[PDB]
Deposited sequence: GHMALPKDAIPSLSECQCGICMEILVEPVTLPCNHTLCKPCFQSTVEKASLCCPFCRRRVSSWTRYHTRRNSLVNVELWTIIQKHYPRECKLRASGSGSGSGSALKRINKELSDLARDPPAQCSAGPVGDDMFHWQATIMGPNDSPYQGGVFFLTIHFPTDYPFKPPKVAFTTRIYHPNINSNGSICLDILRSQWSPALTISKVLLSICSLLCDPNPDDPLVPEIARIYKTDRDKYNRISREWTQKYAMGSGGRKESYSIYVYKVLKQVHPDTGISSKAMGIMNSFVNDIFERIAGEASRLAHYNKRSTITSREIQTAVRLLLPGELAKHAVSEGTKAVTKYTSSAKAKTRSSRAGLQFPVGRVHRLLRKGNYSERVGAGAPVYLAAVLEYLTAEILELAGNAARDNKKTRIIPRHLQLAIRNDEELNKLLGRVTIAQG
């Protein structure tokens, strides 16, 4: 029986059908050596074009021969897939319109929920599955770091056979993105393939932000600056990220994408202005610095070289007022407990069940030189506290926007929510 070396057993993602994005079932490998599941072969090849959906090679003769002999399936590959992914196969076992656009887009959306990529998010704007909104954060290794960029995705009716149309809604200073948000990227036009996904497109866009292609520009002036005055390009990129993409300008740490994600949990249909987001970022940075500094002193005074979740917990009690401290302590403890009792995951935040960045918080705790060593639980606890406080502030700020007949949180709604809440005013009144 066909067996593979263990190192060469294909992953689940490598066993997906390039057309429907479901697991390959009864895989049909065409003479061009491109594969698709039998339902997709029946719907897109046998019934209609009689051509390979990937390379357009004709396969009518091949199909005639092997349909008569019931030898369309690649039994060697089918054996391997059934052996290593039997449950995924079982869910497709009892079935005969595979390959349709609506099904493919829905499958990609479901896949995103199970496996989000690199702090990106994408989903339907309303009830039209063919129109999506996407959110990407500016890569850390780029002058867009800390920014939140919104994009629109328009799926064509014959997706995945034609590429999706992706454009920036947020203004950005980039040689390959113009004032309308049009993107010059190979994956969107010349190098599109039905097996590519929105996830891979967003990852490719993030990589473009890290490393532009100045030799094929949409804005020649920006490419010229990138090629002759990189410092000026970086400076202007950072400035635009602050002006339009909720950046910090590069001086302070940005949490805008995490604030936004928390906001969508407590108030899905409510937005936040850039000025208000700058205030939210000032709170998080100040709370971080107050807790981290207190924990630094608690480790030193007690002759401990490490800041652990115990110093974080004590610092929270010392710095926050009663009920806020009690809930924060409960949230940080819950996150450290969940983190310790969970498997290593894609991100430490996911292992802790948090939106805020555990890994980044840990890096900041070490970069600030608050102590010689920082335990793994400290950033989990601290990130959970910052997330809880952000959630409590956005909860009240959103309630102030609803009461004011507004759908967008602005500084007025934040200053109102904080002043009206006794404990929050005591915690943040001086920061404002």
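Enquirer: Give me the ranges of the deposited sequence that have no CA atoms here, in sequence order.
Expert: Gaps in the modelled chain, taken against the deposited sequence, lie at 1, 98 to 99, 436 to 439.
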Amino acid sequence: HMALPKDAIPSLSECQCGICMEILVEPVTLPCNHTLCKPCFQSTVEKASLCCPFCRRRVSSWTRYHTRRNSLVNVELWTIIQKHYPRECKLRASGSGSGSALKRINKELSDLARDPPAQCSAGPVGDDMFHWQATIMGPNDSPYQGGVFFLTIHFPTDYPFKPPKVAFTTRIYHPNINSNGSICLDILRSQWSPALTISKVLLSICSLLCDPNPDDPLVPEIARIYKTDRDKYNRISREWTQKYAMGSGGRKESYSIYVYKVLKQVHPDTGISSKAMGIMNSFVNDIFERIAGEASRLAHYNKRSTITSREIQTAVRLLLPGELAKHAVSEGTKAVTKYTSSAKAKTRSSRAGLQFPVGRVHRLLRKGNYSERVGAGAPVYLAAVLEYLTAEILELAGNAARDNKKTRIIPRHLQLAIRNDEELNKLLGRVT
From here on, numbers count along this sequence of modelled residues.
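Enquirer: If you average the CA temperature factors over each stretch, which comes out higher, 332 to 340 or 300 to 308?
Expert: Here the higher of the two C-alpha B-factor means belongs to 300 to 308.
Enquirer: Per the record, averaged over C-alpha atoms, which has the higher B-factor: 349 to 357 or 266 to 274?
Expert: Mean B over CA atoms: larger for 266 to 274.
Enquirer: What's the residue among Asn180, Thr170, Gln242, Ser142 with the greatest CA temperature factor in the PDB record?
Expert: Checking the PDB record, the top C-alpha B-factor among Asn180, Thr170, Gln242, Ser142 is at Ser142.
Enquirer: Going by the entry, which of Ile418, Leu24, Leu12, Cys20 has the most elevated CA B factor?
Expert: Comparing C-alpha B-factors across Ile418, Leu24, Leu12, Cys20, the maximum falls on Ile418.
Enquirer: Within this chain's modelled residues, let me know which third the CA B factor of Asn106 belongs to: lowest, middle or highest.
Expert: It belongs to the middle third of the chain when residues are ordered by C-alpha B-factor.
Enquirer: Split into thirds by Cα B-factor across the chain's modelled residues, where does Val125 land: lowest, middle or highest?
Expert: For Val125, whose C-alpha B-factor we compare with every modelled residue in the chain, the answer is the highest third.
Enquirer: Among the chain's modelled residues, which third holds the C-alpha B-factor of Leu112?
Expert: Highest third - that is where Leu112 ends up once the chain's C-alpha B-factors are sorted.
Enquirer: Is the Cα B-factor recorded for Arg57 in the lowest, middle or highest third of its chain?
Expert: Ranked within chain, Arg57 CA B lands in the middle tercile.
Enquirer: Based on the deposited C-alpha B factors for this chain, I'd like to know if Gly249 is in the lowest, middle or highest third.
Expert: Within its chain, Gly249 is a highest-third residue by C-alpha B-factor, going by the deposited values.
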